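J.: Protein chains in written order, with the entry's author numbering: chain A, 360 to 846; chain B, 2 to 18, 22 to 346, 358 to 1086; chain C, 2 to 18, 22 to 238; chain D, 725 to 846.
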């Protein structure tokens, strides 16, 4: 894993080489940025809180910062240990046709110590084609065209399914070693306390992780076993995962070269799949593909990693898209009548979501009869005013472009008030669009909210910032509803 | 989307006895389908039948319509808390060591002890003051645990920690039972009588903290504070935080950002060795010992471990502690106790007077119109004036208990009582009532309650003072549009191995009985000097009246309560409550440091590189003609402290070479840090906000904390919003508003469906609902209108105008009336009448709309138009800027790493426009951005009269109307209005450099025509879109725009017809 | 933001017998959460159960949504004024020197004197003409005093002044009781018949002025005008 | 003259509230009360006027405009009699030549805007 981890570290450095020496303001003030980002942060345990003179069960990580700051408990410089003493709760992600995967549940100190670095990492990715997921504003079509591009009778394509490898206990040591090693190299590049502070804190996240215990339930009881594998839940997850996956293919591809001579035309990563089109100084024979595939699989095997290493000359399949016959294909299996998890959406939104799902499927392939969908919307939107009187909303109410719009009167086509009635109703609907919450206001009434906002601003403003200040408050008052008692 | 589904779990969790979702839609056919589905659902449920078949029979409704809210038919008692809590009462209750609080009542005794009788009890010492219940918090916490009782790996560990801790709360609460809350969310005497007085507030703080834990350290910290706080309620917060000041000095600086000539943060590679003297280390040991001798164990140990290497890389922890110490609650002691704490000043007072003069030197000689008409300006300002006693009033034929100072002016003017030339004496005869301000980890401070004559005699002078401050860097709080980042960069700037920094904590000095004489003498002396500079009666009248405020103050008695009785003691200290408070306080604090710094010079020779003030802290970086030695720092600090001592002033004078700490921001390791302790489940005081606004405020608080450091689990916050927003239509039927209703940008918007990211109606439904919500946005008050019907209101408005207008001012006149009709609601009978009435309209609103005569356009409508013309394509941005605010969540920090950040505020009021300056140069009136926006959108002929109507000279007024500058001014007014509507200055955006060269490249926009308006919005819309994508993806996207020339004209019309959406809770503005 | 919370004090102050906040939001998911929180709150209250647990279970609603209004379930009679006022009726009622007004009816006589019979009475000479009640003003004034009964330093002095003066109003009004207002916020003949005709308007003006005092001078002024106005009305 | 702002807030609280039952009053919130609309009573900070900046304010802002102007079952019938039609036409006949209706539509509402005054309509 010397070759493998070495690339992971090096990739980390490039992504953060120029910013570190210059002493990027983002790196220096990483704490404020991560703090601000919380709205787009993961999730933590549904802790207990008190604001003013009441109690709540908020699970949102941002609010935790509020309770902690207004309680002298807030201490980001000290990132909670994720081991036997204070293990990691657990979250999950289900998907049809695949073993269930777990999701960590690290506290907020972790997101804060990871937002700036990852964000800076992504910018590098943003302009690097190897990362087919980030590059520019690129859509899946660009990725599709790139593969067919070099396909010729003298070049074979190779795709993989490193999903299991990303959680292989073997992977964690290298993965963590490389990230930490790079942070070390970057730290010996600056003399800025703010940056070094950030460079160091990120390093610690990896060290605490190196040995992480999991609060795994086992019935109405909560067991507590160890865990030497890497899971998702960190900011760097999606970004760092790619770095590793890209690092892996580079390692396998170079090793196989020892035997056959090719030419790496393109190399790419995409979550749980990494591919590459390599050209050969001669025509591709069945024997050649069989040999390379074997050499590739054995190589993957040597690194003790479970993977689906296939090889072709005209097509590739991966989790997001499959190119069969030179044509681009997308899977179309989004369960419509069985959701993955019970979120916080409402029955109405549930329907608008169902219609959204239906359209995506129709576009991709699978097509549930539209009459059936209309029926569901009829069932899902209706509301009862009495025990023997339901009120089924009309098509105009349902499709008119508003905050309650569920679908379209003609799939793929969006209409806009053209008649007087549509506009008459259109202006009328906006009225009762945002109705205050007898909780979302009082919360901004406690010293906690005021201190948190002011505390964040005091290190963000100089003059009379209120245009900025007014927005930050609503930024929270827009997510706060999440909390059951408010939603 | 996860919020709507999550809410289902919460409801099913609480209720075990139906859930009738409600779907709406812009689509007309679907809408009838929605109504059928809804109607059948009630029938099925009120008949005890299934509903699975109905949902299948309405897949279109579920999948294609929007969820409007979820009805809940229940029939228990909402006493599920008593039953659920027991499962967690397995632990052993906590016993408070009633021998910890210096002040008896600060101890967590049994309520029946502190208050033997009901007429003696007063939740005035522990009131959460928040419109949410303890049972709710307990309920919310239990819901999370039920949901995450099976999580695995690290997620589980969070549960084990959360599970453990919560047990401490459940076990203790269980012993006394779960206190019942009344409608006013207060805690009466009967419930409280047999329970540990400080129980309810404690549970909120413990719940707030335990639901903010993730890593092991969070747990020890939440655990230690949770436990000690139960008994210690007067020094835990102060003790835990205290050492942070010394710690900042300890770490060196490996590369930091500074302030360059263009006053923008610039990355510097400079290195500074944090050298500290031996004695300073002992000072820190004592802080640790005091923490130790006070019960602490693990937290002290942590700092101890940190001190072995003092690596900024492991500093994040020290920060979590300082931020966490604040979430222990508010130190709410008895008013009297708070009140009780309260030759060589020639140099000191002399500077205070001189500073006062400079601020008012040029204006006085010229005879500034503001100084001359100070009475009208102060009168107009009343809306932004302090507060006075809730007097008794009569308007027309009724009676009211208004506390607002402006209304007092109305009663007095219409009663011949109004007499500003005679400012009420504030002594034994007519003492000063009292107000208060509580803060975690600090002795309670009092607030005067002077009448309105005082604000009026102080608005113009202070306002003129501030303008001077506005362009003077010494006052780090006022200078330009400066944000805290500029202040941060200035300190690191000169830091070198030949210069030591010095910070102070003059908070106590500002209230030291010693201070009042000098402070007042200097202000009065300066007024005397200024008075002998003019011959203008109006100005001299104003210059004199201000002087008197000081003289009446010199000897001020306080109406201090002492039980159900109102004592009346003296008071030789200065307090807040005057206009000049914040401004004058700084003058004094700056005056103080100048005095100490000059005196110390007598010994060592340095060079004052920078000097600054900031409320209760003042600092300075001084350079030395040689390398700084530990001995040198020890000597200077001593000389400084002794000097502060000579002036008999209690202060925290520290000294370092690499870091500084102060009340607003601490710079440890060359990196800028902000505290993150805003209590979420325990408010300071019971304002006039509503339950809904309370929630939007809570979410605001949560985001600020996340951004600063502390992070309460977002799921918990969602739960609170679910509890706080819901409203009952019957005694067994609550109506929980949906996620679309809650997050859609409106006057009821509480949060965002993705923190740090603001959405805008893009679908037909969002807009359909968006236009619908605006309707019932402002509902008349059967009080706020009649009040404008009495001769009082009419006389007051006319009286103010008669000395403000000449021509037909009504554009100005119409605004002034609403200016009052917008605050008037404050008065309980109006806020309560409007709030209660709003519920009937709101409940009905969800029911059935479909009939609205929309015609008004907003940002939602404008932005929706531009969307289709933007072509997005993957782009890439490298991370180049280092980190300086290490706490920022990774997704937020990433944007700064790529595009950078600004150390300035974006003009969002039009204050920097030529027309505004002209209106200000001659008239004292001040039209808002909205007024400037409406006025600018007028015809040249109309605009000319407006200026005349206010007083601008015709020669000058005519010159503007034509002039090229006016055209540009038309562009600037719109810019300020637009930025205001995008809160570009609040939230997390205030930390983003929106003019970043790096961000600008990602946007592509051809100039179809030199039309500054449209080119502007397309660009800003382009920038916001790219930033938001960055936050929600970690990758960048590049946008292209081919907006047709024809489309631009249609869009141009829309730009001057955008209305607003009030919701103030959204307030995230922290630095 | 202080207005919404202040309103809570006022409601809790007036009602002692529930308060069901109502939150709305543009966010759709939060909105359903708001509805759940609202629905459960009615059920808990109409069943005499707590609500502390529910608020914790809806922190998102309190913190992130907007307050739309605050419902109030009461069951008394809104006659809390009679009871609260007595605490302040300690002072000695004022007696109007009916020998001050050149025009007889300008004098603050007993209504039954100026208008012996009901068909003769006419509030046309003292009608506040405002759609607010005297009891409300009295109620509002009492609320402020309860809230600022412990203020310290100079703030307290404002209270002492406000406290003193108000007593003049409370003491005088108490002697005749607090006049009841009808839907039209007018003052009929029966209520007025045994009270100093110019009482209601006077109380409004006295209340308006005493709630406009701050400095010592304001007090003497509010005090002198308040007293002389009771008899002098011309 | 300055009446304590807290007192004024109290009056607004009393004056705005509305009862739906005999034992249930509905006190409108601060957002409902100060948000710039046809029901706006005051400002959350005297002398300063705000404008919807958050999504909620705008969401509510568009919603309030809806029920802003609700027809009067009297102000319409009045324009239905020959009297109103004759009066409008009579005034216009000596004011117009071509197809004036832009002007004509306004005159009618000019009256339909004050007509409410009449008690039975207000």
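Every residue gets a Cβ at the ideal spot worked out from N, C-alpha and C, and that includes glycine.
Check whether the segment 141-149 of chain B touches the segment 85-96 of chain B, counting contact only when three or more Cβ pairs, one atom from each stretch, lie closer than 8 Å.
T.: Yes: at least three Cβ pairs fall under 8 Å.
J.: When the cut-off is 8 Å and only beta carbons count, does residue 222 of chain C lie next to chain G?
T.: As a matter of chain content, chain G is missing from the structure shown, whose protein chains are A, B, C and D.
J.: Hey, would you say residue 838 of chain A sits closer than 8 Å to residue 732 of chain B, going by beta carbons?
T.: Counted from its first residue, the first chain places residue 838 of chain A at position 479. Counted from its first residue, the second chain places residue 732 of chain B at position 717. In this structure, residue 732 of chain B lies closer than 8 Å to residue 838 of chain A by Cβ.
J.: Scan the segment 408-495 of chain A and note each continuous alpha helix (DSSP H) run of 4 residues or more that stays entirely inside, going in chain order.
T.: With a minimum length of 4 residues, the continuous alpha helix (DSSP H) runs that stay inside the segment 408-495 of chain A are 420-428 and 467-485.
J.: Counting contacts by CB-CB distance shorter than 8 Å, is residue 505 of chain A in contact with chain C?
T.: Here residue 505 of chain A refers to the residue found at position 146 of the first chain. For residue 505 of chain A, the answer is no, since every Cβ of chain C falls outside 8 Å of its Cβ.
J.: Considering only the alpha carbon of each residue, which of B/410, B/270, B/644 and B/454 lies closest to residue 515 of chain B?
T.: For the purposes of this step, residue 515 of chain B is taken as the residue at position 500 of the second chain. The shortest Cα separation from residue 515 of chain B among B/410, B/270, B/644 and B/454 belongs to B/644.
J.: Determine, using beta carbons only, whether residue 484 of chain B and residue 392 of chain B come nearer to each other than 8 Å.
T.: Walking along the second chain from the start, residue 484 of chain B turns up at place 469. Walking along the second chain from the start, residue 392 of chain B turns up at place 377. In this structure, residue 392 of chain B does not lie closer than 8 Å to residue 484 of chain B by Cβ.
J.: By the DSSP assignment, the alpha helix (DSSP H) with residue 21 of chain B in it spans what residues?
T.: Here chain B is numbered 18 followed immediately by 22, so the structure offers no position for residue 21 of chain B.
J.: Quick check on residue 65 of chain C - is its C-beta less than 8 Å from some C-beta in chain A?
T.: In the third chain, the residue the question calls residue 65 of chain C occupies position 61. For residue 65 of chain C, the answer is yes, since a Cβ of chain A falls inside 8 Å of its Cβ.
J.: How many whole angstroms separate the CB atoms of residue 796 of chain A and residue 765 of chain B, which I take to be in contact at a CB cut-off of 8 Å?
T.: Sequence index remark: in the first chain, residue 796 of chain A carries index 437 (1-based). Sequence index remark: in the second chain, residue 765 of chain B carries index 750 (1-based). That belief holds up - the Cβ atoms of residue 796 of chain A and residue 765 of chain B are roughly 5 Å apart, short of 8 Å.
J.: Would the beta-carbon of residue 751 of chain D fall within 8 Å of that of residue 761 of chain D?
T.: Position 27 of the fourth chain, counted from the start, is the residue given in the question as residue 751 of chain D. Position 37 of the fourth chain, counted from the start, is the residue given in the question as residue 761 of chain D. No, these two residues do not count as a Cβ contact at 8 Å.
J.: Could you pull out every unbroken alpha helix (DSSP H) segment of at least 4 residues lying fully inside the segment 689-746 of chain A, listed in chain order?
T.: DSSP runs (the alpha helix (DSSP H)) wholly in the segment 689-746 of chain A: 706-723 and 729-740.
J.: Assuming residue 718 of chain B contacts residue 824 of chain A (C-beta within less than 8 Å), just tell me the rounded distance between them.
T.: Here residue 718 of chain B refers to the residue found at position 703 when the second chain is read from its first residue. Here residue 824 of chain A refers to the residue found at position 465 when the first chain is read from its first residue. Actually they are not in contact, since the Cβ atoms of residue 718 of chain B and residue 824 of chain A sit about 16 Å apart, beyond 8 Å.
J.: Under 8 Å, Cβ to Cβ, is there at least one residue of chain C near residue 707 of chain B?
T.: Taking the first residue of the second chain as 1, we reach residue 707 of chain B at position 692. Yes, its Cβ sits closer than 8 Å to a Cβ of chain C.
J.: Can you list, in chain order, the residues of the segment 676-695 of chain A whose Cβ is nearer than 9 Å to any Cβ on chain B?
T.: Residues 695.
J.: For the alpha helix (DSSP H) containing residue 556 of chain B, name the first residue and the last one.
T.: If you number the second chain from 1, residue 556 of chain B lands on position 541. Note, residue 556 of chain B: alpha helix (DSSP H), 552-569.
J.: Please classify residue 814 of chain A: is it buried, with 16 or more other beta-carbons within 10 angstroms of its beta-carbon, or exposed?
T.: Within the first chain, residue 814 of chain A is the residue found at index 455, counting from 1. Answer is buried; the Cβ neighbour count reaches 16.
J.: For residue 1056 of chain B, which of helix, strand or coil comes out of DSSP?
T.: Taking the first residue of the second chain as position 1, residue 1056 of chain B is located at position 1041. Strand at residue 1056 of chain B.
J.: Pull out every residue of the segment 113-143 of chain B whose Cβ sits closer than 8 Å to any Cβ of chain C, in chain order.
T.: From the segment 113-143 of chain B, only 128, 133, 134, 135, 136, 137, 138, 139, 140, 141, 142 and 143 have a Cβ closer than 8 Å to chain C.
J.: Here's a check: name, in chain order, each residue in its chain whose Cβ is nearer than 6 Å to the Cβ of residue 648 of chain A, leaving out the five neighbours to either side.
T.: In the first chain, residue 648 of chain A corresponds to position 289, counting from 1. Same-chain partners within the cutoff: 515 and 670.
J.: Can you give me, in chain order, the residues of the segment 193-221 of chain C that have a beta carbon less than 9 Å from any beta carbon in chain B?
T.: Result list: 204, 205, 206, 207, 208, 209, 210, 211, 212, 213, 214, 215, 216, 217, 218, 219, 220 and 221.
J.: Flag residue 466 of chain B as yes if its beta-carbon sits less than 8 Å from any beta-carbon of chain D, otherwise no.
T.: Within the second chain, residue 466 of chain B is the residue found at index 451, counting from 1. Yes, residue 466 of chain B lies at the interface with chain D (some Cβ there is under 8 Å from its Cβ).
J.: With 9 Å as the limit, tell me which residues of the segment 81-106 of chain C have their beta carbon closer than that to any beta carbon of chain B; keep them in chain order.
T.: Against chain B - using a Cβ distance shorter than 9 Å - the segment 81-106 of chain C contributes no residues.
J.: Measuring alpha carbon to alpha carbon, tell me which residue in B/151, B/59 and B/605 is nearest residue 371 of chain B.
T.: Here the question's residue 371 of chain B lines up with position 356 in the second chain. Nearest of B/151, B/59 and B/605 to residue 371 of chain B, Cα basis: B/605.
J.: Near residue 768 of chain D, which residues of its chain fall below 8 Å by C-beta distance, leaving aside the five closest residues on each side in sequence?
T.: Here the question's residue 768 of chain D lines up with position 44 in the fourth chain. The answer, listed in chain order, is 754, 758 and 774.
J.: Do residue 122 of chain C and residue 193 of chain C have their beta-carbon atoms positioned less than 8 Å apart in this structure?
T.: Your numbering for residue 193 of chain C matches position 189 in the third chain. Your numbering for residue 122 of chain C matches position 118 in the third chain. Their beta carbons are under 8 Å apart, which means residue 193 of chain C touches residue 122 of chain C by this criterion.
J.: How long is the line joining the alpha carbons of residue 772 of chain D and residue 117 of chain B, rounded to whole angstroms?
T.: As a working mapping, residue 772 of chain D is identified with position 48 in the fourth chain. As a working mapping, residue 117 of chain B is identified with position 113 in the second chain. Distance between the alpha carbons of residue 772 of chain D and residue 117 of chain B is about 47 Å.
J.: At the level of alpha carbons, what is the spacing between residue 566 of chain A and residue 525 of chain A?
T.: Locating residue 566 of chain A in the first chain gives position 207, counting from the first residue. Locating residue 525 of chain A in the first chain gives position 166, counting from the first residue. If you take the alpha carbons of residue 566 of chain A and residue 525 of chain A, they lie about 18 Å apart.
J.: DSSP puts residue 498 of chain B in a beta bridge; with which residues?
T.: Here residue 498 of chain B refers to the residue found at position 483 when the second chain is read from its first residue. Note: residue 498 of chain B sits in a beta bridge opposite A/821.
J.: Run down chain D in chain order and give the residues with a C-beta less than 9 Å from the C-beta of residue 793 of chain B.
T.: If you number the second chain from 1, residue 793 of chain B lands on position 778. Within chain D, the residues near residue 793 of chain B are 756, 757, 758, 759, 760, 761, 762, 763, 764, 765, 784, 785, 788, 789 and 792.
J.: Chain A partners of residue 753 of chain D, CB-CB under 9 Å?
T.: On the fourth chain, position 29 is the one that residue 753 of chain D refers to. By Cβ distance, chain A contributes 795, 797 and 800.
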